[PDB]
Amino acid sequence: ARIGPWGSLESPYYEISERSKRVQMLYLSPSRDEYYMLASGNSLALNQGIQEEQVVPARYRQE
Amino acid sequence: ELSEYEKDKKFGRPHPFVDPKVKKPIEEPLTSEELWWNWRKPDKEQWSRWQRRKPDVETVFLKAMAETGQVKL
Amino acid sequence: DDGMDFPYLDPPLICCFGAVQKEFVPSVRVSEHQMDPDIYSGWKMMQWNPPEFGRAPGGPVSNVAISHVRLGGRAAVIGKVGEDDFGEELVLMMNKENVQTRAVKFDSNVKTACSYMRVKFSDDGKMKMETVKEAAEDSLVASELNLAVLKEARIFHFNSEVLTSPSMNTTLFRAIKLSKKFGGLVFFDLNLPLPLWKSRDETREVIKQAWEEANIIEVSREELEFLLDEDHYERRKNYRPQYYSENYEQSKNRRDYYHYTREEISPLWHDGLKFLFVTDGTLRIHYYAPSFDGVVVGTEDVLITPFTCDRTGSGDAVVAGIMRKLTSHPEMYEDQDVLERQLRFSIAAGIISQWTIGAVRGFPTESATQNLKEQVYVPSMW
């Protein structure tokens with residue numbers, strides 16, 4: 001945790017995007033946290049179809 | 001006499017639980033198409049964490065003395 | 001050379017010809033992103049997002065031999081080392097892990113990993129260097145070739161680094177001739193050194209003699225597009241339709257895993273070839289055979305352990321697993337189903353090899369590789 005601007009606690013998260021910007025880690029604040037889908041799973045699962053449809057637990061909104 | 005078992009149940013020797021003298025197969029139950037969508041086994045095996053058998057200890061001993069003749073699996 | 005009484009041991013031996021080195025990364029290009037020139041505490045952020053050529057960077061041939069023997073196989077290494085402390089410790093490291101060193105030659109004329117060059121200031125002020133005295137590793141002559149490893153070994157594996165020195169060119173070609181005379185296959189690994197990344201035509205001229213003698217060839221995704229067309233295969237990858245997608249997958253903007261057709265790799269194909277392997281890291285392996293071709297699907301995960309992830313040495317593990325399964329199962333050559341099933345072991349080994357720091361420190365075991373293969377792949381695949 002880190003005290004960011006405006007006295008808000010921030011936490012690091014790795015952004016997943018198909019651009020490979022430069023630094024893929026961001027410091028998210030609580031206001032920007034609940035509108036993203038934050039996975040906590042793994043890529044070690046392969047089915048007869050495609051790997052991109054595998055299911056992992058996440059945290060969207062407050063569920 | 002007493003069957004082809006020699007009634008291994010009566011003695012206690014290793015023997016299949018079911019009788020290997022009837023073992024009547026299934027009578028062609030409903031296939032995947034004629035089933036409601038909740039029981040379908042969706043024709044593409046799904047990855048699951050519980051897909052490899054638990055290692056366990058007694059599964060090692062059972063395999064260990066199956067080779068030495070003390071066990072008939 | 002005919003001296004033998006009893007038949008050879010069960011796992012066929014593998015011939016590993018090249019240079020013995022510690023933690024060497026041959027394939028170097030210009031990475032777009034750099035992470036601070038001084039603070040090395042943040043350099044690990046370049047292992048989560050590799051520069052697309054160091055995604056699965058291969059290394060020396062000793063690394064491949066060690067990974068192969070650690071996977072349950074048997075390997076032997078041909079090379080030369082100096083009579084130094086470093087030279088005496090490299091052979092100790094190789095010996096500690098059951099790598100046969102019957103073909104490693106010790107000499108005192110040259111020093112291990114040390115080569116004497118000379119400054120040759122040219123026009124303008126651009127300095128140059130000319131190799132005055134060669135390093136110990138690249139100083140093997142054809143006379144001191146162990147004519148027992150070559151006879152016994154069933155696969156001859158070498159990398160392109162030996163094509164950058166004059167004497168090893170002749171020595172390698174003599175060894176290839178001997179091994180082919182004794183009936184062994186030739187495995188070619190294309191871990192291109194830095195000078196060979198200059199131009200396509202020069203590299204193709206350099207490697208043509210070695211390429212035409214190979215029975216199995218393994219190249220990366222960049223080492224194939226470079227050898228055919230970099231601009232075309234980079235324009236094709238980054239392309240999205242102006243109006244509407246085509247099928248549906250194109251409407252999801254997923255990653256580009258292109259399976260090259262047999263008419264595009266035809267310039268790199270010849271009659272003697274038995275297999276062509278193109279590895280897109282550990283993600284996918286495209287295999288091309290004389291009568292069939294296909295792609296084996298895999299995955300990767302370095303964010304599972306962001307602090308102990310180091311991609312170096314994974315390509316060596318992939319190649320070693322490929323060789324181990326090639327020698328263990330001789331029916332993979334003409335059976336596509338068996339080929340696909342046995343090519344996931346290499347993917348599992350490559351996945352495991354990226355979870356630790358150090359090329360030789362954390363090469364996976366056979367049991368661990370099988371465990372990961374069975375845990376990632378559905379029972380129908382494995």
# chains A, B, ... in the order shown; residues from 1 in each chain; ligands from 1

$ closest_atom_pairs --of "chain A" --to "chain B" --cutoff "10 Å" --atoms "only C-alpha atoms" --output "CSV"
residue,atom,partner,partner_atom,distance
A:45,CA,B:47,CA,6.6
A:46,CA,B:47,CA,6.8
A:47,CA,B:47,CA,5.9
A:48,CA,B:44,CA,6.6
A:49,CA,B:44,CA,8.0
A:54,CA,B:47,CA,8.3
A:55,CA,B:47,CA,9.5

$ closest_atom_pairs --of "chain C" --to "chain A" --cutoff "8 Å" --atoms "only C-alpha atoms" --output "CSV"
residue,atom,partner,partner_atom,distance
C:33,CA,A:22,CA,6.2
C:45,CA,A:23,CA,7.7
C:49,CA,A:20,CA,7.3
C:255,CA,A:18,CA,7.8
C:298,CA,A:46,CA,7.4
C:299,CA,A:43,CA,6.9
C:300,CA,A:43,CA,6.8
C:301,CA,A:43,CA,6.1
C:304,CA,A:42,CA,7.2
C:375,CA,A:45,CA,7.6
C:376,CA,A:45,CA,4.7
C:377,CA,A:46,CA,5.3
C:378,CA,A:47,CA,6.0
C:381,CA,A:48,CA,7.6

$ write_last_selection --atoms "C-alpha atoms" --output "PDB file, in the first residue's frame"
ATOM      1  CA  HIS C  33      11.908  -0.850 -23.900  1.00  0.00           C
ATOM      2  CA  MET C  45      10.083  -6.123 -15.158  1.00  0.00           C
ATOM      3  CA  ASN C  49       7.208  -8.534 -20.751  1.00  0.00           C
ATOM      4  CA  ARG C 255      -2.826 -12.771 -30.186  1.00  0.00           C
ATOM      5  CA  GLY C 298       0.696 -24.551 -25.013  1.00  0.00           C
ATOM      6  CA  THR C 299       0.800 -21.714 -22.480  1.00  0.00           C
ATOM      7  CA  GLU C 300       3.204 -19.790 -20.261  1.00  0.00           C
ATOM      8  CA  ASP C 301       3.164 -18.171 -16.834  1.00  0.00           C
ATOM      9  CA  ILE C 304       2.952 -16.868 -11.081  1.00  0.00           C
ATOM     10  CA  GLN C 375      -1.912 -30.833 -14.529  1.00  0.00           C
ATOM     11  CA  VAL C 376      -2.202 -28.347 -17.405  1.00  0.00           C
ATOM     12  CA  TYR C 377      -3.536 -30.610 -20.172  1.00  0.00           C
ATOM     13  CA  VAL C 378      -6.953 -32.302 -20.209  1.00  0.00           C
ATOM     14  CA  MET C 381      -4.707 -34.597 -24.703  1.00  0.00           C
TER      15      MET C 381
END

$ residues_around --residues "residue 3 of chain A" --least-positions-apart "6" --cutoff "12 Å" --atoms "only C-alpha atoms" --output "PyMOL selection string"
chain A and resi 9-12+27-30

$ write_last_selection --atoms "N, CA and C atoms" --output "PDB file, in the first residue's frame"
ATOM      1  N   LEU A   9      -5.392   5.655  -0.450  1.00  0.00           N
ATOM      2  CA  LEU A   9      -4.522   4.488  -0.442  1.00  0.00           C
ATOM      3  C   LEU A   9      -4.560   3.797  -1.800  1.00  0.00           C
ATOM      4  N   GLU A  10      -3.386   3.456  -2.323  1.00  0.00           N
ATOM      5  CA  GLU A  10      -3.257   2.869  -3.647  1.00  0.00           C
ATOM      6  C   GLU A  10      -2.550   1.524  -3.559  1.00  0.00           C
ATOM      7  N   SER A  11      -2.867   0.643  -4.502  1.00  0.00           N
ATOM      8  CA  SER A  11      -2.304  -0.699  -4.527  1.00  0.00           C
ATOM      9  C   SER A  11      -1.846  -1.037  -5.938  1.00  0.00           C
ATOM     10  N   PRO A  12      -0.789  -1.835  -6.079  1.00  0.00           N
ATOM     11  CA  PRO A  12      -0.277  -2.149  -7.418  1.00  0.00           C
ATOM     12  C   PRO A  12      -1.035  -3.294  -8.071  1.00  0.00           C
ATOM     13  N   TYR A  27      -0.779   1.867 -10.121  1.00  0.00           N
ATOM     14  CA  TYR A  27      -1.192   2.043  -8.732  1.00  0.00           C
ATOM     15  C   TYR A  27      -2.648   2.493  -8.737  1.00  0.00           C
ATOM     16  N   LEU A  28      -3.550   1.555  -8.470  1.00  0.00           N
ATOM     17  CA  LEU A  28      -4.979   1.818  -8.506  1.00  0.00           C
ATOM     18  C   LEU A  28      -5.471   2.301  -7.151  1.00  0.00           C
ATOM     19  N   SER A  29      -6.384   3.265  -7.187  1.00  0.00           N
ATOM     20  CA  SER A  29      -7.090   3.852  -6.063  1.00  0.00           C
ATOM     21  C   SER A  29      -8.446   3.185  -5.888  1.00  0.00           C
ATOM     22  N   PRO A  30      -9.063   3.304  -4.708  1.00  0.00           N
ATOM     23  CA  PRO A  30     -10.359   2.635  -4.496  1.00  0.00           C
ATOM     24  C   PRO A  30     -11.445   3.069  -5.465  1.00  0.00           C
TER      25      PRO A  30
END

$ select_by_dssp --residues "segment 1-57 of chain A" --states "helix (DSSP H, G or I)" --output "ChimeraX atom specification"
/A:5-7,30-33,51-53

$ atom_distance --atom1 "atom CA of residue 251 of chain C" --atom2 "atom CA of residue 34 of chain A"
26.7 Å

$ atom_distance --atom1 "atom CA of residue 176 of chain C" --atom2 "atom CA of residue 7 of chain C"
23.5 Å

$ residues_around --residues "segment 316-332 of chain C" --least-positions-apart "3" --cutoff "6 Å" --atoms "only C-alpha atoms" --output "list in words"
residues 58, 64, 67, 68, 73, 313, 335, 338, 339, 346 and 350 of chain C

$ residues_around --residues "residue 366 of chain C" --least-positions-apart "4" --cutoff "9 Å" --atoms "only C-alpha atoms" --output "number ranges by chain"
C: 70-72, 345, 349, 370-371
